[PDB]
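In the structure tokens that follow, a single protein chain appears in two forms: structure 1, then structure 2.
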Structure 1
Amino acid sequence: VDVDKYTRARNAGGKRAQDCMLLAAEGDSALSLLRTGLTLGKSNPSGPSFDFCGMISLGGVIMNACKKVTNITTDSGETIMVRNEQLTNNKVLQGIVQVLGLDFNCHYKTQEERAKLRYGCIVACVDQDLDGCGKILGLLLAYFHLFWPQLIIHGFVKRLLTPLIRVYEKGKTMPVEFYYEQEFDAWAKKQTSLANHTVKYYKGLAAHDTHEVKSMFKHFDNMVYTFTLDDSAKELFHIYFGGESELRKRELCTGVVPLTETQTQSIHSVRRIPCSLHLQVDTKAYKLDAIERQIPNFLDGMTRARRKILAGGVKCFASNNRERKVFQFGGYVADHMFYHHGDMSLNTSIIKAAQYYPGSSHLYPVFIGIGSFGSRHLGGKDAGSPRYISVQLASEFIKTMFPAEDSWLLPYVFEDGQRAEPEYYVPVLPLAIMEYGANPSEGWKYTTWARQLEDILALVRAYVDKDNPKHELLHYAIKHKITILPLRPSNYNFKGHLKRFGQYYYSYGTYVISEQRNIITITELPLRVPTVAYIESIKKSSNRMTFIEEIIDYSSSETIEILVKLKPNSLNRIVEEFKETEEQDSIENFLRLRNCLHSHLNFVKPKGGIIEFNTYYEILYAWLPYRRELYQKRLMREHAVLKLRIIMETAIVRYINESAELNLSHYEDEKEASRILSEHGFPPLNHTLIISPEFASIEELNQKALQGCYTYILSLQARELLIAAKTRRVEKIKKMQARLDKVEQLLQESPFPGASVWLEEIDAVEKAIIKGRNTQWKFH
């Protein structure tokens, strides 16, 4: 059959079969670009066309064959390699072995067996972000390595090389092109002003308009590169794409190793790429980026997408907290936070970042959700479409947990030249250990179970507050890493019971036995167990089905009530079949009613890279000093700003008192007015930095403050030359200097500066959490 989304060349499998190309693209918008470009008729006499080029789609992400295949060493000696039934029945790989005419029991070592291919090179036209240049190009290389390495030896697998970033200067008709994101960031941070450049990001090939696809296809054969492999490559394919992760963990801790001048000149001159040198840059950079996207930071407890959602949601609902649809808020946060990915997964994260039900992931959600957001009974998988449902910002919890005057003092993620969101938030409470979570990633796994709220409040109040009895003893335990105050799992919104048997916790359900009608009434499932998955699991097991007649659900939307029915006189035969250990009952062995709480505390740290803890105490002890130094920073910044504002307004007061004697109307322009104001003892000030010190560090704030002009005094309205305005300004100067005395008294106290403000914020976060838990997280 002609396979799906396939355009053959006119010379496939004929007398000039070997000189034809297959430009295998990633989707269909890329094929739309390739169809646009291979049909430059007389505007490109040196370019390719469909006389010797074809097109086929890779279907998204290629299946890997390096872990769906098995070796069988034959008794003749020569081992054989049998595929899986899933790998045999993939449509994309069946399609491309149908197009090129490949064979699985031909090694393609001589040339009269390589002349029986339908056309003799593959060229992968993929993207340049790490998701497409590193991942699926690596899996394609792995497929051709695992089944026919002789074609990678002789030269059969090729690729284009397109730009990811173009930067256009005003005036010049040649842009500056970049192939990697960190190269752009290193180029851009060295600059001094980027307000005459335009930065374009090209996710996918279909973002290239006409006047640059013509430039890309005047030089088509100039940018095709061919792969070679050496002996140092087979172990790297087994590390990066083999069935064991310990190799991948121990390689994937270290960062990417940059490229030498000889290797770079050799690649950009002779245009061949070593497969191992591709794996040790592009695929490794992909896997580090995937770790950064899919594993939470240990300070704020959230991923990178959810941190963009939080920043864009604080900024979106700023003026008035009116709700919007999920797709409209998603368009906002993809516009203003520089989100460079697809739109469907962003809307899925906005939906799941607002759910609240017994057993949801987030116990303290950022948003209030307005509509239908799914239930326990399908695990939140049955929410509405984003067309229907709405979200708004849970404003007082975000006000108390993430204080707004601390978001000025954080390191930010700069994207495309201007800032997007923080590197990390630092909440008032250790929010990384307060919720649930279970993800895979590259190399590692993330799994947490939430802690009690009162345990965490006891530990933080024991650390900070000086007259709690557990003050110095807790500091001793932080010096020696021993545990004193208990840190239990959370039992909120869960009615079953929890037991510790050795080095793990176990969570149990609740049944209700009856011999009057031989019916067991299940009333609760263990932690984070969906209902219909439990019912189908208890229905598939044939050893358990021999004792039940009918299994019926009567549960409400927030409370479990399952009803089984037993076959007559079958309560007795369960006990000999399903034996009762001390750790679980015979019914709880029978009805699948306990689970183990097994944690994988693998986080990412500031400045990137994995970190791996052994207990929740280690995460708390790593979290506390960041909040300590952030309090010290905000108090010193406030001290500097208050001195400078006293200095500013106690010259406005004397200008109001001396404007009649000064006679400002007599003078000609701003030059003579600034000169006659410099002679009467008015300080030159920087009005913008004093009114709005946005992100200015304290050296920046006292370094460019006294280097301004008299704009603070010259934009005074005649409204405020009145006597009630004088009284108002004098009393606000008195309040500012009283605040300055309070600030310089707060900078000294025990055990560290800013130790009472943080206790006040603990109490504020606690009452906001209590109010939210009472109102079903609606904050009525």
Structure 2
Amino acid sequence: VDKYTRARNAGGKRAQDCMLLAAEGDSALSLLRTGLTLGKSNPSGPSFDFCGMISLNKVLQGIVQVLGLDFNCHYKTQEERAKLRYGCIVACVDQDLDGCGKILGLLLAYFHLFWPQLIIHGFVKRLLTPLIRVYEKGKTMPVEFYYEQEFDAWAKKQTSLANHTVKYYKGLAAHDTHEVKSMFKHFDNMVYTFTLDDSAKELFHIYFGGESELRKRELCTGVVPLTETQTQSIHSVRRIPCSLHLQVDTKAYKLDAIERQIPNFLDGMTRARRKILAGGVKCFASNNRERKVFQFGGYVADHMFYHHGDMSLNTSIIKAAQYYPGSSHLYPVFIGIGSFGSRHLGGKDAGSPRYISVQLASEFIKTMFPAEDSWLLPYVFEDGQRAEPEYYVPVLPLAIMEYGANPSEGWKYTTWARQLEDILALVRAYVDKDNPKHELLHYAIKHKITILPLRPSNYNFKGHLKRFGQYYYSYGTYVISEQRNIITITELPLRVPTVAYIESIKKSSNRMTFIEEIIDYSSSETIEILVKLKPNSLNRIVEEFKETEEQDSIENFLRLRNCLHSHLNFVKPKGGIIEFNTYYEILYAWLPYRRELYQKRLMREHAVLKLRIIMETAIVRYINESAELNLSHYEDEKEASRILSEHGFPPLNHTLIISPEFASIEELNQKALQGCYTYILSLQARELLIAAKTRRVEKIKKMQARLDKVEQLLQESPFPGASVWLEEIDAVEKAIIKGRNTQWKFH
């Protein structure tokens, strides 16, 4: 067997004392080799005298061959087990979702399917490695945690983490050489044994069986973290229940795989698209200069922790910067500068990422996603670093205002964008206090009924939308020239590529008996396809493809019909998969999430406003009293701070009060008043002038007026921030109108 290293006693008298270390890949094999050949010191550590290696179907067949297993045996007796060359198999896979959730889960499912008795009595093991290590400055022995719950619980009891650094080891390749030495020093303590319980059989049949309905039922709930009692139990007994592993790690892997293709219902974007939007907001905030697609993709991968390859990242950026009839985004995030694709090839004809550049639609992004509300969203922490937020809460329900189509592993996601006017009317009726049927909409939301209609978006569509039964249909347009005996196709159904449509028409021989030649003469936006028919066939086409009520004979001939199928599957904010029936439900579910955000916005802005008022008042007082103070007479920082303290100047946190980027209201109240005199001692010479003093006084008056206005808005009815919500809705509508007027190029 290739990439297999045997031991001295494998298959010998003490073969039962041997071990087989199943490595995930080449890096795992290198780590195992480094650990095993380490036996020049600490002789108690493992070596090749009893431990072999193997790399992880042909792979499972090889593992069976090295293990000397028999497919016709059940291994219910010790004598039957004695024929095995190795006493146990240990899987050395990484702690990430792809390694321990997929490969280890597949190995466990295979062993349970073929030899359950080996798992029951104990034959399959895994090598737990320290997931998180905390290093103390000056201390040589780190604090090692095997689960994130342990690290979190330990951190809650720590006074301060300033002198502590946290390193996450989710992969076997992330362990340094000295850490590998330390791990293989205690190797005998870090290997656990799998145990099969009663619920484990059912859990295995749910995750790895052919029963898709049970899998969909199981994936409807988020990941359940291991309880502290369970963590203590597994650490004490040195045994992993198979059911617990399947319920935690495999479920997390499956939910992460599904989450990549199915977006949240609050913002209508997946994790990758959320990362891209956050990176675009961060990059183009200072200056909205054009940046190339590969450069911006590198920036996103650097800042928002986008570990996937550059191909998918560049494709997603291009798709987010695309704007053409039938595109996925009716309101794309980025302004495309160059050739980003055409409707004929479905956007796949975009230019190379090295040539096309991307620019952020500042007027649309700054209004739809307010910058002041970005500090209140829950953020995703990747290895201790703050990545993109868990979900965006835009001013309007972006999940239903844009086209979407993404298949999944069993699930289907397909949405057709609703009309902007109807959504705006519904949201305004919900928000506006004095507006017809405003209380009626509240009653409708309370009793889950619909009053105002939602219609599919007819923009960028030179056709007519018709409803029949409970489904929507989009029709194309055609003209007939009897003189030349041709049919000119002027518009295709919604989201139908021109090249794909032509190929589908050509691939049908029956239609080809009547069609002589098809030429694509369409523009970039306008469709013009000339179909030449054979002599004396138009009457035959009408006779064969009989005209029906649903579609005309020509429409049946040319496949000028589309079905607006809608599968409203989305991801809940706290994990899991949620299924909606109508877009009304998505709107009514998204409304409270945004309604609750304005109150937090207003309270945080009130507290921060008080803090800025205090600081600017103190600064203006120092500006007025600088001549009396004569700060240059004092020697160092300590004496200056002391004399500033004698004059009653309050000590404030300069860094946090000015920039409370992610501080809560309680944090602001408890910490912002425990700083130093930097706010005075760091004032520049140009700020001592009368012009700067007058500007600061005017700013203080404006902040006081804004504080009073914030109090009034907090006292507003029905909910705080209703008028602010209406103003933001109007701004978003104006930005969308300006974008649509200028081909989504704000010039």
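Only the largest set of C-alpha atoms that superpose within 1.5 Å between the two forms is called the rigid core. Quick note, the numbers are simply positions in structure 1, starting from 1.
Quiz item: After superposing on the rigid core, which residue among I370, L624, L194, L473 shows a C-alpha displacement of 2 Å or more between structures 1 and 2?
Solution: The one that moves 2 Å or more is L194.
Quiz item: Once the two forms are fit on the core, has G13 moved its CA by at least 2 Å between structures 1 and 2?
Solution: Yes, because once the rigid core is superposed, the C-alpha of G13 moves 2 Å or more between structures 1 and 2.
Quiz item: Rigid core fitted, is the C-alpha displacement of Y504 between structures 1 and 2 2 Å or more?
Solution: Stays below the 2 Å threshold, so no.
Quiz item: Do you see a C-alpha shift of 2 Å or more at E679 between structures 1 and 2, with the core held fixed?
Solution: Shift at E679: 2 Å or more after core fit.
Quiz prompt | Backbone CA shift between structures 1 and 2, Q717, after core fitting (angstrom) | solution = C-alpha shift for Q717: 4.5 Å.
Exercise. After aligning on the rigid core, report the distance the C-alpha of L252 travels between structures 1 and 2, in angstrom.
Key: Here the C-alpha difference is 3.0 Å.
Practice problem: Fit the two forms on their core, then tell me the C-alpha shift of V529 between structures 1 and 2 in angstrom. | Solution: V529 C-alpha displacement between structures 1 and 2, core-aligned: 0.5 Å.
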